[PDB]
Structure formats: C-alpha cells, structure tokens
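Participant:
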Amino acid sequence: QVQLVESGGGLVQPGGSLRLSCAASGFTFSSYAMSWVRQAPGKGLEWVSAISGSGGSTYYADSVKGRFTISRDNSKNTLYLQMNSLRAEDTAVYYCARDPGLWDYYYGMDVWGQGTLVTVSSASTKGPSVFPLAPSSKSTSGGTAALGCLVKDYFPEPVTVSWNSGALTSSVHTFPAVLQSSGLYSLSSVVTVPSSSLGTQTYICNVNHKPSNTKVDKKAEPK
Amino acid sequence: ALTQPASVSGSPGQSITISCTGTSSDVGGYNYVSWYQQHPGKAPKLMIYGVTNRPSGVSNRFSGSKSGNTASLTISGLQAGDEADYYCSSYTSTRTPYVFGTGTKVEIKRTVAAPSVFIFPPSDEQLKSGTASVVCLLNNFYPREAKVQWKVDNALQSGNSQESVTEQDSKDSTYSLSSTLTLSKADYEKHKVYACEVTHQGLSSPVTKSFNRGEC
Ligand SMILES: C[C@]12CC[C@H]3[C@@H](CCC4=CC(=O)CC[C@@]43C)[C@@H]1CC[C@@H]2O
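Chains as they are written, first to last, in the working numbering: chain A, 1 to 223; chain B, 1001 to 1216.
#1: Please give the ranges of any beta strand (DSSP E) in the region 84-155 of chain A, keeping only runs that are unbroken, at least 3 residues long and fully inside the region.
#2: Would you mind listing the beta strand (DSSP E) stretches within the region 29-81 of chain A that are 3+ residues and don't spill past its ends, in chain order?
#3: Between the Cα of residue 1159(B) and those of 1142(B), 1168(B), 1183(B), spot the shortest distance and give me the residue it belongs to.
#4: Using alpha carbons as the reference points, say which of 117(A), 195(A), 217(A) lies closest to residue 211(A).
#5: Please name the residue in 45(A), 39(A), 201(A) whose C-alpha comes closest to that of residue 1002(B).
#6: Using 8 angstroms as the threshold, is the C-beta distance between residue 1117(B) and residue 1201(B) below it?
#7: On the three-pair Cβ rule with 8 angstroms, is the region 154-174 of chain A touching the region 1123-1133 of chain B?
#8: If you drop the 5 nearest sequence neighbours on each side, which residues of the same chain put their C-beta closer than 7 angstroms to that of residue 1207(B)?
#9: So which residues on chain B does residue 3(A) lean against when the C-beta distance must stay under 8 angstroms?
#10: Taking residue 18(A) as part of the beta strand (DSSP E), name the residues at either end of that continuous run.
#11: Per DSSP, what are the beta-bridge partners of residue 1161(B) in this structure?
#12: Would you say residue 1188(B) reaches chain A, if we count a Cβ-Cβ gap shorter than 8 angstroms as a contact?
#13: Let's test the definition: count the other Cβ atoms within 10 Å of the Cβ of residue 103(A) and tell me whether it reaches 16, buried, or not, exposed.
#14: Can you look up residue 1132(B) in the DSSP assignment and give me helix, strand or coil?
#15: Since residue 109(A) meets chain B, which of its residues come closer than 7 angstroms, beta carbon to beta carbon?
#16: Can you confirm whether residue 29(A), when its beta carbon is compared against all beta carbons of chain B, has any partner nearer than 8 angstroms?
#17: Unbroken alpha helix (DSSP H) runs of length 4 or more, entirely within the region 1039-1064 of chain B: which are they?
#18: For the region 1116-1137 of chain B, enumerate the residues whose C-beta is nearer than 8 angstroms to any C-beta of chain A, in chain order.
#19: Can we say the region 1022-1029 of chain B touches the region 24-32 of chain A, given the rule of at least three CB pairs closer than 8 angstroms?
#20: Among the residues of its own chain, which have a CB less than 7 angstroms from the CB of residue 128(A), if the five just before and after it don't count?
#21: So, using beta-carbon positions, are residue 125(A) and residue 195(A) closer together than 8 angstroms?
#22: Could you tell me whether any Cβ in chain B is nearer than 8 angstroms to the Cβ of residue 268(A)?
#23: Whole angstroms are fine: how far does the CA of residue 1196(B) sit from the CA of residue 1164(B)?
#24: Inspect the beta-carbon positions of residue 147(A) and residue 191(A) and report whether they are closer than 8 angstroms.
#25: Within the chosen definition, does the region 1101-1111 of chain B reach the region 1048-1068 of chain B through at least 3 CB pairs nearer than 8 angstroms?
#26: Are the CB atoms of residue 1084(B) and residue 1037(B) within a distance shorter than 8 angstroms?
#27: DSSP three-state label for residue 1069(B), please.
#28: Quick one: list the residues of chain B neighbouring residue 141(A), beta-carbon separation under 7 angstroms, in chain order.
#29: Exposed or buried, which one is residue 114(A) when buried takes at least 16 other CB atoms within 10 Å?
#30: Please report the Cβ distance between residue 1210(B) and residue 1181(B), rounded to the nearest whole angstrom; I am assuming they are in contact, meaning their Cβ atoms lie under 8 angstroms.
#31: Starting from residue 47(A), find everything on chain B with Cβ-Cβ shorter than 8 angstroms and list it in chain order.
#32: Measure the alpha-carbon distance for residue 1185(B) versus residue 1133(B) and round it to whole angstroms.
#33: Can you find at least 3 beta carbon pairs, one from the region 1011-1020 of chain B and one from the region 1070-1081 of chain B, that sit closer than 8 angstroms?
#34: Return the chain-ordered list of same chain residues with a C-beta closer than 8 angstroms to the C-beta of residue 1213(B), the five sequence neighbours on each side being excluded.
#35: Mark residue 1137(B) as exposed unless 16 or more other C-beta atoms lie within 10 angstroms of its C-beta, in which case mark it buried.
#36: Please identify, using Cβ separations under 7 angstroms, the residues of the region 1028-1045 of chain B that lie next to chain A, in order along the chain.
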C-alpha cells in the first residue's frame, strides 16, 4: 500500500498563498527524506524543496527560498508545502516523492504521489461549454468514422473527458488544452469507430471540469 | 540544469543513448547520477540511481554509465512504449544539494503513415452563442511534421486557427492533430464552403476535406 496522496492544489491569486499536502501510507514516513518536485506546463522537473526524515533539516531551492516553506508529521504521515506568497511562475504540477535510502541517501526518488495542479492566476474559474463533433458524411472513411466533443472556454486546467462512461477508450484522442487569446483553454476529444457502428452504438462524451462544478454528457451523432 | 539533448530517436530494436553533461562538482566527481522516465501525464519513475543501479523490477534494457563529466542512459532493444521524457539528476558538492537535467524526449521511428483526415461543422447548439468552431482532425500520422490550412469559399485563412498535437502514441507510435477554426456566427453564415487541406509526407498531394454550410 506504498503511496503518497497529494491535495491542496488549486487556482490561487498572485501574491496569494496556498498549502499543499502529501499524505503518506504503506511505509515508515519518518525514516526517509521526502521531497517536493514541480513541473510547469510543458517544462521539465524542477527540484523545489526537501526535508530530512525528522523535519530537523528541511532544505530548499533558490528560485523558491524566499517565499516557500516545507514541513512534516510522522504520526499523520504528511508532508506539507505550506506555500505562501505564490506567484504566476509557481504554476505547475507539484509532486512529493520518497528517497528510499534508509541509512544513506540514493539521491533518487522512487515512490511518487500522483501530482497536484497549482495555478497561480488572477483569472477566475470558468466551466467549459461542450459541443458535439458529429460523425459527418463529408469524410466517410470506408470502414472508419470519427466523432468527438469540443470542450471550449474553461479555466483553469484540468478537464477530463471520457466516452460512454469509460467503455470506449481505444481509438480516443483527447488533445492537449491550448490557451486561446481569450485567456481560456479549449480542447477536443475525438474517437474513430467503424462506420457500421454509428447505426448500432450511441456515443456520448462525459466531460468534467471539477474546478467549476461543470459536469456534462454530450451525444455525438449523425446528421 | 544538467545538459541533455532535447530529443533522441531510433527504431524498435535499436539501442539508443541519452547523455547528461555536468561538471566536476556533480556528474563528473560523484557517483550519484539518477535517471527518470516520465510518460505523458504521469509521475516520473526511477530507472537508475548511483550511476549504474536499476531499482528492482526496472527492465535490464535500461543501463546507466558515465565518462568524465557525462553520464549516459542506454536503452537497448527500443520498444514503442519506451517513448517518454527522460531526466537525469545529480548530487552536487556545491550549495546545490540536488539538480535535474533538462530532459530528453525519446521518439520511436516507424513507417510513414499518412493522416486520415476529417472535418466537423460547428454544432447547431454552438451557433446560438454567436461563435462557430470548425474542427479538422488529422489522425494517426507519422512522421510528426504536418501542415494544415483553412479555406473559406476558397480563400486561405490567416490567424483564425489553433492547432494541438498529441504525444507519440505508446502502441502505434503515431501522432494526431486538431486544427480549430474560430469564426463569428455572422461571418460563418455569410460563406458556403468550409475546407481543411492537409499536407503530409505519406500523401502524394494535399488531401482536402470540406463541407458546404447548409448541405446534408
Ligand atoms: C531527497 C534527496 C536526497 C537527500 C537530499 C535532498 C536534497 C537536499 C539535501 C541536503 C542535505 O544536506 C541532506 C540530504 C538532502 C535532504 C535530495 C533531493 C532528492 C534526493 O532523493
């Protein structure tokens, strides 16, 4: 049950503050240096901070030193990046990770949590509008048809799209979100399917933009 | 960070190598170089620590080494699923206790595959909002290079489109691309033919897909 579960990410105003959490299970959390690593959208991993097993030595990156503070709890098994004074450039997915070095360090992080998105922006949450990309008779691909959903004008990331409640996964392309000059994201999720199936299977995309409580199921269909 | 090539590509069954160039205070003087593999949208995974060590379970296809101030990851018998970003890291004897390298994307080469292309009109639903989106899908092509341009009533469009590409597929090693054309409903309604023209290696000449606004 070896795991790290993160929480606390969100959209935060510039100059603002945020506390990230990272709850440890399945191992003796006190025995290991744990670490915060971040990755800005499209960029590489940036080591941000680290703390000794006992908390007595916490350690920090330059780019972050002024305004960030790492801390920990071995009964609650939880690492924190109380993150204060946030700026736009701290916008990133934040991960925690274990160095498995017991009596010495690996200088290698083996167990990773799943990540939490931190968006530092003064823009507000906005949910998507979801429109079908209907199977269309102006490109009827012999044996394969395409359809999809357009997920337009939302903020912040992320949005999740599934098809027929997770039943349809093979042949799905959900394209990376792109920022419009509107300042809002937009993406499409598509799927290719046999032409023969358009008359036998209904296709519904399920879109969920948790930041804005937008849940939407749209049917993508002929004509 | 530690210097890595932006990208490394090879064909399945190749052995490819990714370098990581540092200084005598890190990769060059100490044996604490680590390598991580990161697939699109997932957490990194530790592939190598201490220059040459593989965590239990990591495929022996991955091996680490160094020479002078350069560590190398060598992936033998390249698989399609080996496509990912790869990061080295190092301890440093400087104020810096730990640093990551700049990362390398591994691309798997495969046969040329022309895009299958589709065009979608704006939905009835959407027009009520005063904006129309017309989408063009370029599906499962290879190599990555593509061009797509928009023609409305035969006139090439400028500055009203954005493109998005998927990461290399883990199973077929292909890419897909969306091109989205944004128009006011008003501008949309005052034209008839909507076309996406695709140019790609795997295709003799451009492929066009279009529809007529108000056609069945
Ligand atoms: C946790 C870690 C090993 C232990 C390192 C840490 C960077 C900072 C650091 C400074 C020290 O003086 C003790 C060890 C620590 C705490 C490293 C970051 C990633 C690596 O796995």
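Don't be surprised by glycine CBs; every beta carbon is placed ideally from N, CA and C.
Facilitator: If we stick to the structure as given:
#1: 92-98, 116-120, 129-133, 144-154
#2: 34-39, 45-51, 58-60, 68-73
#3: If you number the second sequence from 1, residue 1159(B) lands on position 159. Nearest C-alpha to residue 1159(B): 1183(B).
#4: In the first sequence, residue 211(A) corresponds to position 211, counting from 1. Considering only alpha carbons, the answer is 117(A).
#5: Locating residue 1002(B) in the second sequence gives position 2, where the first residue counts as 1. When only C-alpha atoms are compared, the closest one is 45(A).
#6: Mapped onto the second sequence, residue 1117(B) falls at position 117. Mapped onto the second sequence, residue 1201(B) falls at position 201. It is not a contact, given that the beta carbons lie outside the stated cut-off.
#7: no
#8: Reading the second sequence from its first residue, position 207 is the one you call residue 1207(B). Only 1117, 1198 meet the Cβ criterion.
#9: Here residue 3(A) refers to the residue found at position 3 of the first sequence. The contacting residues do not exist; residue 3(A) stays about 11 angstroms from chain B at best.
#10: In the first sequence, residue 18(A) corresponds to position 18, counting from 1. Here the beta strand (DSSP E) through residue 18(A) covers 18-25.
#11: Position 161 of the second sequence, counted from the first residue, corresponds to residue 1161(B). Bridge partners of residue 1161(B): 1181(B).
#12: Sequence index remark: in the second sequence, residue 1188(B) carries index 188 (1-based). False, the Cβ-Cβ gap to chain A never drops below 8 angstroms.
#13: Counting from one through the first sequence, the residue named residue 103(A) turns up at place 103. By the neighbour-count rule (16 or more Cβ atoms within 10 Å), residue 103(A) is not buried but exposed.
#14: For this step, residue 1132(B) is matched to residue 132 along the second sequence. Reduced to three states, the DSSP call for residue 1132(B) is strand.
#15: Your numbering for residue 109(A) matches position 109 in the first sequence. Result: 1046.
#16: For this step, residue 29(A) is matched to residue 29 along the first sequence. For residue 29(A), the answer is no, since every Cβ of chain B falls outside 8 angstroms of its Cβ.
#17: none
#18: 1116, 1117, 1118, 1119, 1120, 1121, 1122, 1123, 1125, 1126, 1129, 1133, 1135, 1137
#19: no
#20: Reading the first sequence from its first residue, position 128 is the one you call residue 128(A). Result list for residue 128(A): 151, 152, 153, 154, 159, 207, 209, 214, in chain order.
#21: Taking the first sequence and counting its residues from 1, one reaches residue 125(A) at position 125. Taking the first sequence and counting its residues from 1, one reaches residue 195(A) at position 195. Contact flag unset, no.
#22: There is simply no residue 268(A) to check, as chain A begins at 1 and stops at 223 in what is shown.
#23: Taking the first residue of the second sequence as position 1, residue 1164(B) is located at position 164. Taking the first residue of the second sequence as position 1, residue 1196(B) is located at position 196. If you take the alpha carbons of residue 1164(B) and residue 1196(B), they lie about 15 angstroms apart.
#24: On the first sequence, position 147 is the one that residue 147(A) refers to. On the first sequence, position 191 is the one that residue 191(A) refers to. For residue 147(A) and residue 191(A), yes; Cβs fall inside 8 angstroms.
#25: No: fewer than three Cβ pairs fall under 8 angstroms.
#26: As a first step, residue 1037(B) is located in the second sequence; it is residue number 37 there, counting from the start. As a first step, residue 1084(B) is located in the second sequence; it is residue number 84 there, counting from the start. Result yes, Cβ atoms of residue 1037(B) and residue 1084(B) sit closer than 8 angstroms.
#27: As a first step, residue 1069(B) is located in the second sequence; it is residue number 69 there, counting from the start. Residue 1069(B): coil per DSSP, three-state reduction.
#28: As a working mapping, residue 141(A) is identified with position 141 in the first sequence. Neighbours of residue 141(A) on chain B, chain order: 1116.
#29: Along the first sequence, one-based indexing puts residue 114(A) at 114. So residue 114(A) counts as exposed.
#30: In the second sequence, the residue the question calls residue 1210(B) occupies position 210. In the second sequence, the residue the question calls residue 1181(B) occupies position 181. Incorrect: roughly 12 angstroms between the Cβ atoms, too far for contact.
#31: Position 47 of the first sequence, counted from the first residue, corresponds to residue 47(A). The answer, in chain order, is 1089, 1098, 1099, 1100.
#32: Sequence index remark: in the second sequence, residue 1185(B) carries index 185 (1-based). Sequence index remark: in the second sequence, residue 1133(B) carries index 133 (1-based). In a straight line, the C-alpha of residue 1185(B) is about 9 angstroms away from that of residue 1133(B).
#33: Yes, they touch.
#34: Along the second sequence, one-based indexing puts residue 1213(B) at 213. So the list reads 1121, 1188, 1189, 1191, 1192, 1193, 1194, once near-sequence residues are dropped.
#35: Looking up residue 1137(B) in the second sequence gives position 137. With 16 or more other Cβ atoms within 10 Å, it is buried.
#36: 1032, 1034, 1043, 1044
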